[PDB]
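So the structure is just underneath, and the comments pick up after that.
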Amino acid sequence: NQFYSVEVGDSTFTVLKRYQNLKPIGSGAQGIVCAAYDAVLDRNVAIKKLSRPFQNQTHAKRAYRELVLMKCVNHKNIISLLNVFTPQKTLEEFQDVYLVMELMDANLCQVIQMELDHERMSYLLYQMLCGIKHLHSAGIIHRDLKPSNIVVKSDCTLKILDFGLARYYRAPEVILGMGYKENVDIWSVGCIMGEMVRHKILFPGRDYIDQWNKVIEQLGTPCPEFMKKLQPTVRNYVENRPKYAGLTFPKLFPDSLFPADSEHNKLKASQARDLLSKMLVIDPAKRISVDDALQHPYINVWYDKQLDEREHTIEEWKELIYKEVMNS
Ligand SMILES: CC(C)(C)NS(=O)(=O)c1ccc(-c2cnc3cccc(Nc4ccccn4)c3c2)cc1
């Protein structure tokens, strides 16, 4: 005990007395997050309620990954865990997990709405690449980066909110069910950057199939060598489609979208387009690496024991998560 309940959205948060003035913030698509005052720390914090951690295998794996990686990862561009708790006293009774994190000011959705500047943008992308690089060195490949799981303070420091997969920003190979590697996450960063420039989602598929049409309408049909890596049913569909030439990157991202009328501006316009052209590459074999995008002229101005293999039963996930909850 020392718990009380407050209604938040359609659910009930039960939290430690220390966390006061619970207020719903951002998208709740991946669990409800509240802003709160922590009276013990005397600071504001964010509290996420995990959404039905034991509804199934998928939810439980995802709950385990998120909690474990959030305890174990420590990096300036990755959200910090402050606390973890459950209102329930025993394993039998155990159903809810709460993560308390440092509070940021907004997600990238709100920053994309505002006008574009080069210095801000390259700083946001730099930090995105630092976070992603740090994840990759730890063996973590995300796969589901998007503006609403990236958060920012008013000073423009950026943190990645989550750890992704145990849709508009998804790499071609992920969507098409082929192998994936590190640079899967480069595709998502290209989508976000392009959207910072267009202020429009680049690839708005009104379904999972139309999505693909939107990609190659703008970028063009990939080479036959890309299509040879697809499973039979997917290759069939992909290669027997009207061939698209796509648009060049200057057409995809016109002069009117960028600051103009200074040598500096026209330079940064080209450096941004150039970067865009190496991130938004359908074939992962041809797409720039994280190390390379960080060394890119647009960005480099800023240079200075846990099961992922196995399936488990819900009860074994419950115990694995619970002990993770109880041991700090
Ligand atoms: C927090 C109270 C006590 C209400 N006043 S405040 O000035 O400290 C403050 C209020 C709201 C936010 C706020 C609003 N919208 C957000 C949308 C997405 C992500 C956020 N930050 C966040 C989201 C998840 C995990 C960690 N940080 C948001 C914060 C930040 C400070």
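Ordering of the structure tokens sets the chain letters (A, B, ...), residue numbers begin anew at 1 in every chain, and ligands are numbered from 1 in the order given.
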
Show me which residues sit within 8 Å of ligand 1 when counting only C-alpha atoms and all ligand atoms, and put them as a PDB file with N, CA, C and O atoms, in the first residue's frame.
ATOM      1  N   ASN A  21      -1.202  14.575  -9.142  1.00  0.00           N
ATOM      2  CA  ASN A  21      -1.660  15.423 -10.298  1.00  0.00           C
ATOM      3  C   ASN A  21      -1.423  14.730 -11.629  1.00  0.00           C
ATOM      4  O   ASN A  21      -0.849  15.326 -12.565  1.00  0.00           O
ATOM      5  N   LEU A  22      -1.804  13.452 -11.678  1.00  0.00           N
ATOM      6  CA  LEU A  22      -1.689  12.657 -12.887  1.00  0.00           C
ATOM      7  C   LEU A  22      -2.471  13.270 -14.034  1.00  0.00           C
ATOM      8  O   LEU A  22      -3.640  13.550 -13.909  1.00  0.00           O
ATOM      9  N   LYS A  23      -1.784  13.475 -15.151  1.00  0.00           N
ATOM     10  CA  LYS A  23      -2.315  14.168 -16.296  1.00  0.00           C
ATOM     11  C   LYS A  23      -1.949  13.378 -17.570  1.00  0.00           C
ATOM     12  O   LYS A  23      -0.759  13.219 -17.841  1.00  0.00           O
ATOM     13  N   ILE A  25      -0.815  12.532 -21.208  1.00  0.00           N
ATOM     14  CA  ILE A  25       0.033  13.210 -22.181  1.00  0.00           C
ATOM     15  C   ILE A  25       0.372  12.381 -23.429  1.00  0.00           C
ATOM     16  O   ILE A  25       0.416  11.155 -23.360  1.00  0.00           O
ATOM     17  N   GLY A  26       0.577  13.063 -24.562  1.00  0.00           N
ATOM     18  CA  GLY A  26       0.919  12.439 -25.876  1.00  0.00           C
ATOM     19  C   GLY A  26      -0.067  11.391 -26.416  1.00  0.00           C
ATOM     20  O   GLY A  26      -1.204  11.313 -25.922  1.00  0.00           O
ATOM     21  N   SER A  27       0.351  10.597 -27.423  1.00  0.00           N
ATOM     22  CA  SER A  27      -0.399   9.399 -27.862  1.00  0.00           C
ATOM     23  C   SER A  27      -0.358   8.284 -26.790  1.00  0.00           C
ATOM     24  O   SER A  27       0.682   8.057 -26.142  1.00  0.00           O
ATOM     25  N   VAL A  33       0.380   7.108 -20.918  1.00  0.00           N
ATOM     26  CA  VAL A  33       1.408   7.819 -20.197  1.00  0.00           C
ATOM     27  C   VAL A  33       0.734   9.039 -19.574  1.00  0.00           C
ATOM     28  O   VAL A  33      -0.085   9.740 -20.247  1.00  0.00           O
ATOM     29  N   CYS A  34       1.063   9.263 -18.314  1.00  0.00           N
ATOM     30  CA  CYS A  34       0.752  10.507 -17.591  1.00  0.00           C
ATOM     31  C   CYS A  34       1.971  11.324 -17.186  1.00  0.00           C
ATOM     32  O   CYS A  34       3.010  10.755 -16.874  1.00  0.00           O
ATOM     33  N   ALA A  35       1.826  12.650 -17.182  1.00  0.00           N
ATOM     34  CA  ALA A  35       2.694  13.557 -16.431  1.00  0.00           C
ATOM     35  C   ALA A  35       2.298  13.555 -14.972  1.00  0.00           C
ATOM     36  O   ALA A  35       1.120  13.561 -14.655  1.00  0.00           O
ATOM     37  N   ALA A  36       3.261  13.609 -14.059  1.00  0.00           N
ATOM     38  CA  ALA A  36       2.923  13.634 -12.620  1.00  0.00           C
ATOM     39  C   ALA A  36       3.955  14.383 -11.850  1.00  0.00           C
ATOM     40  O   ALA A  36       5.088  14.513 -12.301  1.00  0.00           O
ATOM     41  N   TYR A  37       3.590  14.852 -10.667  1.00  0.00           N
ATOM     42  CA  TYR A  37       4.586  15.376  -9.737  1.00  0.00           C
ATOM     43  C   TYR A  37       5.074  14.257  -8.783  1.00  0.00           C
ATOM     44  O   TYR A  37       4.291  13.641  -8.134  1.00  0.00           O
ATOM     45  N   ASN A  44       8.912  16.550 -11.598  1.00  0.00           N
ATOM     46  CA  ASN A  44       7.941  15.985 -12.489  1.00  0.00           C
ATOM     47  C   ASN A  44       8.563  14.776 -13.236  1.00  0.00           C
ATOM     48  O   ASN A  44       9.737  14.756 -13.546  1.00  0.00           O
ATOM     49  N   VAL A  45       7.735  13.774 -13.479  1.00  0.00           N
ATOM     50  CA  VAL A  45       8.087  12.502 -14.060  1.00  0.00           C
ATOM     51  C   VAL A  45       6.978  12.114 -15.007  1.00  0.00           C
ATOM     52  O   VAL A  45       5.940  12.766 -15.019  1.00  0.00           O
ATOM     53  N   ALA A  46       7.209  11.120 -15.863  1.00  0.00           N
ATOM     54  CA  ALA A  46       6.185  10.547 -16.736  1.00  0.00           C
ATOM     55  C   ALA A  46       5.947   9.080 -16.226  1.00  0.00           C
ATOM     56  O   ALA A  46       6.898   8.412 -15.882  1.00  0.00           O
ATOM     57  N   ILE A  47       4.695   8.630 -16.151  1.00  0.00           N
ATOM     58  CA  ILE A  47       4.345   7.298 -15.669  1.00  0.00           C
ATOM     59  C   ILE A  47       3.575   6.606 -16.764  1.00  0.00           C
ATOM     60  O   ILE A  47       2.506   7.054 -17.136  1.00  0.00           O
ATOM     61  N   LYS A  48       4.150   5.541 -17.299  1.00  0.00           N
ATOM     62  CA  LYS A  48       3.482   4.690 -18.250  1.00  0.00           C
ATOM     63  C   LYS A  48       2.857   3.403 -17.581  1.00  0.00           C
ATOM     64  O   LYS A  48       3.549   2.596 -16.950  1.00  0.00           O
ATOM     65  N   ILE A  79      15.392   7.339 -23.316  1.00  0.00           N
ATOM     66  CA  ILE A  79      14.665   7.688 -22.119  1.00  0.00           C
ATOM     67  C   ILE A  79      15.170   6.923 -20.845  1.00  0.00           C
ATOM     68  O   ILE A  79      15.389   5.673 -20.860  1.00  0.00           O
ATOM     69  N   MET A 101       9.405   7.447 -15.730  1.00  0.00           N
ATOM     70  CA  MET A 101      10.487   7.974 -16.554  1.00  0.00           C
ATOM     71  C   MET A 101      10.646   9.495 -16.270  1.00  0.00           C
ATOM     72  O   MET A 101       9.767  10.109 -15.713  1.00  0.00           O
ATOM     73  N   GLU A 102      11.800  10.060 -16.619  1.00  0.00           N
ATOM     74  CA  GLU A 102      11.956  11.504 -16.740  1.00  0.00           C
ATOM     75  C   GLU A 102      10.901  12.039 -17.735  1.00  0.00           C
ATOM     76  O   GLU A 102      10.534  11.372 -18.704  1.00  0.00           O
ATOM     77  N   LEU A 103      10.430  13.250 -17.429  1.00  0.00           N
ATOM     78  CA  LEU A 103       9.431  13.924 -18.193  1.00  0.00           C
ATOM     79  C   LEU A 103      10.124  14.836 -19.193  1.00  0.00           C
ATOM     80  O   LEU A 103      10.954  15.679 -18.794  1.00  0.00           O
ATOM     81  N   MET A 104       9.738  14.674 -20.460  1.00  0.00           N
ATOM     82  CA  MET A 104      10.097  15.563 -21.581  1.00  0.00           C
ATOM     83  C   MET A 104       8.926  16.464 -21.873  1.00  0.00           C
ATOM     84  O   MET A 104       7.895  16.321 -21.257  1.00  0.00           O
ATOM     85  N   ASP A 105       9.101  17.384 -22.806  1.00  0.00           N
ATOM     86  CA  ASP A 105       8.112  18.411 -23.101  1.00  0.00           C
ATOM     87  C   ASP A 105       7.123  18.081 -24.227  1.00  0.00           C
ATOM     88  O   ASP A 105       6.026  18.626 -24.217  1.00  0.00           O
ATOM     89  N   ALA A 106       7.486  17.178 -25.142  1.00  0.00           N
ATOM     90  CA  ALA A 106       6.672  16.915 -26.319  1.00  0.00           C
ATOM     91  C   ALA A 106       7.243  15.712 -27.076  1.00  0.00           C
ATOM     92  O   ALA A 106       8.336  15.252 -26.760  1.00  0.00           O
ATOM     93  N   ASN A 107       6.500  15.184 -28.049  1.00  0.00           N
ATOM     94  CA  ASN A 107       7.000  14.128 -28.903  1.00  0.00           C
ATOM     95  C   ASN A 107       7.434  14.766 -30.226  1.00  0.00           C
ATOM     96  O   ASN A 107       7.350  15.971 -30.354  1.00  0.00           O
ATOM     97  N   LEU A 108       7.952  14.014 -31.176  1.00  0.00           N
ATOM     98  CA  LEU A 108       8.355  14.662 -32.480  1.00  0.00           C
ATOM     99  C   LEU A 108       7.215  15.102 -33.376  1.00  0.00           C
ATOM    100  O   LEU A 108       7.403  15.902 -34.272  1.00  0.00           O
ATOM    101  N   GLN A 110       4.800  17.082 -32.623  1.00  0.00           N
ATOM    102  CA  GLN A 110       4.605  18.520 -32.391  1.00  0.00           C
ATOM    103  C   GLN A 110       5.735  19.384 -33.029  1.00  0.00           C
ATOM    104  O   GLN A 110       5.482  20.384 -33.739  1.00  0.00           O
ATOM    105  N   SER A 148       5.978   9.667 -32.680  1.00  0.00           N
ATOM    106  CA  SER A 148       5.324   9.694 -31.393  1.00  0.00           C
ATOM    107  C   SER A 148       6.025   8.860 -30.291  1.00  0.00           C
ATOM    108  O   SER A 148       5.683   9.006 -29.134  1.00  0.00           O
ATOM    109  N   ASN A 149       7.027   8.032 -30.636  1.00  0.00           N
ATOM    110  CA  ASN A 149       7.870   7.343 -29.623  1.00  0.00           C
ATOM    111  C   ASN A 149       9.292   7.971 -29.557  1.00  0.00           C
ATOM    112  O   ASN A 149      10.307   7.367 -29.160  1.00  0.00           O
ATOM    113  N   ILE A 150       9.362   9.216 -30.010  1.00  0.00           N
ATOM    114  CA  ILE A 150      10.530  10.032 -29.831  1.00  0.00           C
ATOM    115  C   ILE A 150      10.080  11.305 -29.112  1.00  0.00           C
ATOM    116  O   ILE A 150       9.071  11.912 -29.470  1.00  0.00           O
ATOM    117  N   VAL A 151      10.808  11.688 -28.069  1.00  0.00           N
ATOM    118  CA  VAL A 151      10.336  12.792 -27.200  1.00  0.00           C
ATOM    119  C   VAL A 151      11.431  13.797 -27.099  1.00  0.00           C
ATOM    120  O   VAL A 151      12.596  13.431 -27.249  1.00  0.00           O
ATOM    121  N   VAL A 152      11.058  15.039 -26.814  1.00  0.00           N
ATOM    122  CA  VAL A 152      12.002  16.201 -26.809  1.00  0.00           C
ATOM    123  C   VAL A 152      11.707  17.178 -25.710  1.00  0.00           C
ATOM    124  O   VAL A 152      10.552  17.374 -25.348  1.00  0.00           O
ATOM    125  N   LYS A 153      12.757  17.779 -25.148  1.00  0.00           N
ATOM    126  CA  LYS A 153      12.605  18.953 -24.266  1.00  0.00           C
ATOM    127  C   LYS A 153      12.627  20.223 -25.115  1.00  0.00           C
ATOM    128  O   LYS A 153      13.002  20.207 -26.293  1.00  0.00           O
ATOM    129  N   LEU A 161      11.911   6.865 -26.914  1.00  0.00           N
ATOM    130  CA  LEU A 161      10.987   6.372 -25.891  1.00  0.00           C
ATOM    131  C   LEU A 161      10.963   4.881 -25.711  1.00  0.00           C
ATOM    132  O   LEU A 161      10.712   4.412 -24.625  1.00  0.00           O
TER     133      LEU A 161
END

At a cut-off of 10 Å, using only C-alpha atoms, what residues contact residue 85 in chain A? Leave out same-chain residues fewer than 6 positions from it and give the result as an NGL selection string.
:A and (15-16 or 49 or 96-100 or 322 or 324-328)

Restrict the selected residues to N, CA and C atoms and save them as a short mmCIF file (atom, residue, chain, number, x, y, z; two decimals), in the first residue's frame.
data_model
loop_
_atom_site.label_atom_id
_atom_site.label_comp_id
_atom_site.auth_asym_id
_atom_site.auth_seq_id
_atom_site.Cartn_x
_atom_site.Cartn_y
_atom_site.Cartn_z
N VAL A 15 -1.42 4.14 -8.35
CA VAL A 15 -0.04 4.56 -8.28
C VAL A 15 0.31 4.86 -6.83
N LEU A 16 1.60 4.88 -6.52
CA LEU A 16 2.13 5.32 -5.26
C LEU A 16 1.68 6.73 -4.87
N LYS A 49 1.57 3.19 -17.81
CA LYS A 49 0.95 1.92 -17.51
C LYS A 49 1.03 0.95 -18.72
N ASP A 96 -0.59 -5.62 -13.28
CA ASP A 96 -0.20 -4.31 -13.80
C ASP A 96 1.24 -3.89 -13.51
N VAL A 97 1.92 -3.37 -14.55
CA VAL A 97 3.25 -2.77 -14.46
C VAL A 97 3.28 -1.26 -14.79
N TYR A 98 3.87 -0.44 -13.89
CA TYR A 98 4.06 0.98 -14.13
C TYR A 98 5.52 1.37 -14.25
N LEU A 99 5.85 2.09 -15.32
CA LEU A 99 7.23 2.59 -15.53
C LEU A 99 7.16 4.10 -15.25
N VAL A 100 8.06 4.61 -14.41
CA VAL A 100 8.19 6.04 -14.19
C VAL A 100 9.49 6.43 -14.86
N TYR A 322 7.52 -10.17 -13.25
CA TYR A 322 7.34 -9.87 -11.85
C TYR A 322 8.63 -9.68 -11.04
N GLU A 324 11.56 -9.01 -12.40
CA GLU A 324 12.09 -7.79 -12.99
C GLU A 324 11.46 -6.51 -12.32
N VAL A 325 10.16 -6.58 -12.01
CA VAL A 325 9.45 -5.52 -11.29
C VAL A 325 9.98 -5.36 -9.86
N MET A 326 10.12 -6.48 -9.13
CA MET A 326 10.55 -6.52 -7.72
C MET A 326 12.02 -6.32 -7.40
N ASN A 327 12.90 -6.48 -8.37
CA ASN A 327 14.34 -6.33 -8.12
C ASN A 327 14.86 -5.03 -8.73
N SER A 328 14.50 -3.92 -8.07
CA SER A 328 14.63 -2.50 -8.58
C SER A 328 14.07 -2.25 -9.99
#

Enumerate as number ranges by chain all residues of range 66-278 of chain A assigned to alpha helix (DSSP H) by DSSP on the backbone, naming them with the chain letters and numbers the document uses.
A: 66-72, 108-113, 118-137, 172-175, 184-198, 208-219, 224-227, 232-239, 249-252, 263-278

For the atom pair CA of residue 125 in chain A and CA of residue 76 in chain A, what is the interatomic distance in Å to one decimal place?
13.9 Å

At a cut-off of 6 Å, using only C-alpha atoms, what residues contact range 215-229 of chain A? Leave out same-chain residues fewer than 6 positions from it and give the result as a PyMOL selection string.
chain A and resi 235+243-247+283

Generate the output file for the selected residues, C-alpha atoms, as a PDB file, in the first residue's frame.
ATOM      1  CA  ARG A 235       7.775 -11.342 -55.390  1.00  0.00           C
ATOM      2  CA  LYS A 243       7.239  -0.131 -63.446  1.00  0.00           C
ATOM      3  CA  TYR A 244       7.642   3.389 -61.830  1.00  0.00           C
ATOM      4  CA  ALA A 245      10.526   5.719 -62.528  1.00  0.00           C
ATOM      5  CA  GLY A 246       9.802   7.694 -59.373  1.00  0.00           C
ATOM      6  CA  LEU A 247      10.766  11.245 -58.767  1.00  0.00           C
ATOM      7  CA  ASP A 283      16.898  -1.922 -51.129  1.00  0.00           C
TER       8      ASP A 283
END

Counting only C-alpha atoms, the residue of A:285, A:270, A:120, A:210 that sits nearest residue 182 in chain A
A:285

Nearest residue to residue 65 in chain A from the set A:274, A:319, A:207, A:162 (distances using only C-alpha atoms)
A:162

Shell around residue 141 in chain A at 8 Å using only C-alpha atoms, local window under 6 positions removed, as a PyMOL selection string:
chain A and resi 135+163-164+181-182+185

Might you pull out every residue within 10 Å of residue 321 in chain A, with only C-alpha atoms counted and same-chain residues fewer than 4 positions away left off, and present them as a list in words?
residues 53, 54, 60, 61, 63, 64, 65, 67, 68, 91, 94, 97, 315, 316, 317, 325 and 326 of chain A

Per DSSP on the backbone, filter range 43-115 of chain A down to the residues in strand (DSSP E or B) and report them as JSON, numbers by chain.
{"A": [43, 44, 45, 46, 47, 48, 49, 78, 81, 82, 83, 84, 85, 98, 99, 100, 101, 102, 106, 107]}

For the residues in the current selection, export C-alpha atoms as a PDB file, in the first residue's frame.
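Saved as result-v6.pdb:
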ATOM      1  CA  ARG A  43      10.359  16.630  -9.682  1.00  0.00           C
ATOM      2  CA  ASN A  44       7.941  15.985 -12.489  1.00  0.00           C
ATOM      3  CA  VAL A  45       8.087  12.502 -14.060  1.00  0.00           C
ATOM      4  CA  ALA A  46       6.185  10.547 -16.736  1.00  0.00           C
ATOM      5  CA  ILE A  47       4.345   7.298 -15.669  1.00  0.00           C
ATOM      6  CA  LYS A  48       3.482   4.690 -18.250  1.00  0.00           C
ATOM      7  CA  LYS A  49       0.950   1.924 -17.511  1.00  0.00           C
ATOM      8  CA  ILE A  78      17.342   6.950 -24.677  1.00  0.00           C
ATOM      9  CA  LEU A  81      13.754   4.795 -16.088  1.00  0.00           C
ATOM     10  CA  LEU A  82      13.370   6.308 -12.560  1.00  0.00           C
ATOM     11  CA  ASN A  83      11.148   3.684 -10.998  1.00  0.00           C
ATOM     12  CA  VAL A  84       9.076   0.518 -11.634  1.00  0.00           C
ATOM     13  CA  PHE A  85       6.221  -0.782  -9.595  1.00  0.00           C
ATOM     14  CA  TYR A  98       4.061   0.984 -14.128  1.00  0.00           C
ATOM     15  CA  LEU A  99       7.228   2.592 -15.534  1.00  0.00           C
ATOM     16  CA  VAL A 100       8.194   6.040 -14.190  1.00  0.00           C
ATOM     17  CA  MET A 101      10.487   7.974 -16.554  1.00  0.00           C
ATOM     18  CA  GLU A 102      11.956  11.504 -16.740  1.00  0.00           C
ATOM     19  CA  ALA A 106       6.672  16.915 -26.319  1.00  0.00           C
ATOM     20  CA  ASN A 107       7.000  14.128 -28.903  1.00  0.00           C
TER      21      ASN A 107
END

Close residues, residue 259 in chain A itself excluded, 12 Å, only C-alpha atoms, min 6 positions apart in chain, as an MDAnalysis selection string:
chainID A and resid 115:119 197 265:270 272

Output for the residues just chosen: N, CA, C and O atoms as a short mmCIF file (atom, residue, chain, number, x, y, z; two decimals), in the first residue's frame:
data_model
loop_
_atom_site.label_atom_id
_atom_site.label_comp_id
_atom_site.auth_asym_id
_atom_site.auth_seq_id
_atom_site.Cartn_x
_atom_site.Cartn_y
_atom_site.Cartn_z
N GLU A 115 7.76 25.27 -38.29
CA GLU A 115 8.54 25.52 -39.50
C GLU A 115 9.90 24.83 -39.39
O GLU A 115 10.34 24.42 -38.31
N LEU A 116 10.55 24.67 -40.53
CA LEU A 116 11.78 23.90 -40.60
C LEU A 116 12.99 24.85 -40.43
O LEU A 116 13.11 25.86 -41.17
N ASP A 117 13.83 24.56 -39.42
CA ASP A 117 15.21 25.01 -39.53
C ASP A 117 16.34 23.97 -39.49
O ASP A 117 16.26 22.92 -38.81
N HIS A 118 17.37 24.28 -40.27
CA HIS A 118 18.49 23.36 -40.56
C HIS A 118 19.23 22.95 -39.27
O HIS A 118 19.45 21.77 -39.03
N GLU A 119 19.53 23.94 -38.44
CA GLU A 119 20.27 23.71 -37.24
C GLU A 119 19.49 22.83 -36.25
O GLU A 119 20.02 21.84 -35.77
N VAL A 197 10.60 18.05 -43.40
CA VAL A 197 10.61 18.91 -44.60
C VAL A 197 9.20 19.11 -45.31
O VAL A 197 8.81 20.23 -45.63
N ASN A 265 22.03 28.57 -46.92
CA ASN A 265 20.75 27.92 -47.06
C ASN A 265 20.69 26.97 -48.18
O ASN A 265 20.22 25.83 -47.97
N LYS A 266 21.19 27.40 -49.35
CA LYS A 266 21.19 26.56 -50.53
C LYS A 266 22.13 25.35 -50.30
O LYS A 266 21.83 24.22 -50.73
N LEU A 267 23.24 25.56 -49.61
CA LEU A 267 24.08 24.46 -49.19
C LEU A 267 23.31 23.45 -48.31
O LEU A 267 23.31 22.27 -48.52
N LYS A 268 22.58 23.94 -47.34
CA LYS A 268 21.96 23.04 -46.38
C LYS A 268 20.79 22.34 -47.03
O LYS A 268 20.60 21.15 -46.80
N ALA A 269 20.04 23.06 -47.88
CA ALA A 269 19.09 22.43 -48.83
C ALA A 269 19.68 21.21 -49.57
O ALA A 269 19.08 20.12 -49.54
N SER A 270 20.84 21.38 -50.22
CA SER A 270 21.39 20.24 -50.93
C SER A 270 21.89 19.12 -50.03
O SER A 270 21.69 17.93 -50.35
N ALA A 272 20.73 18.24 -47.11
CA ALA A 272 19.52 17.57 -46.60
C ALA A 272 18.92 16.64 -47.67
O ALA A 272 18.56 15.49 -47.39
#

Find the residues around residue 167 in chain A up to 9 Å (only C-alpha atoms counted), leave out those fewer than 2 positions away in its own chain, and share them as a ChimeraX atom specification.
/A:144,169-170,175,203-205,207-208,211

Okay, now the selection with C-alpha atoms, as a CSV table (one decimal), in the first residue's frame?
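Generated file (part.csv):
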chain,number,residue,atom,x,y,z
A,144,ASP,CA,9.3,0.7,-35.2
A,169,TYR,CA,7.7,4.5,-40.9
A,170,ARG,CA,8.3,0.9,-41.6
A,175,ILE,CA,6.8,-4.7,-44.5
A,203,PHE,CA,4.1,7.4,-47.3
A,204,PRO,CA,0.4,7.5,-46.3
A,205,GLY,CA,-0.8,4.0,-47.2
A,207,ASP,CA,-3.7,0.1,-46.4
A,208,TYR,CA,-0.7,-2.2,-46.1
A,211,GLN,CA,1.5,1.8,-48.7

Expressed in Å to a single decimal, how great is the separation between CA of residue 196 in chain A and CA of residue 264 in chain A?
19.0 Å

Computed gap from CA of residue 123 in chain A to CA of residue 300 in chain A is 9.6 Å
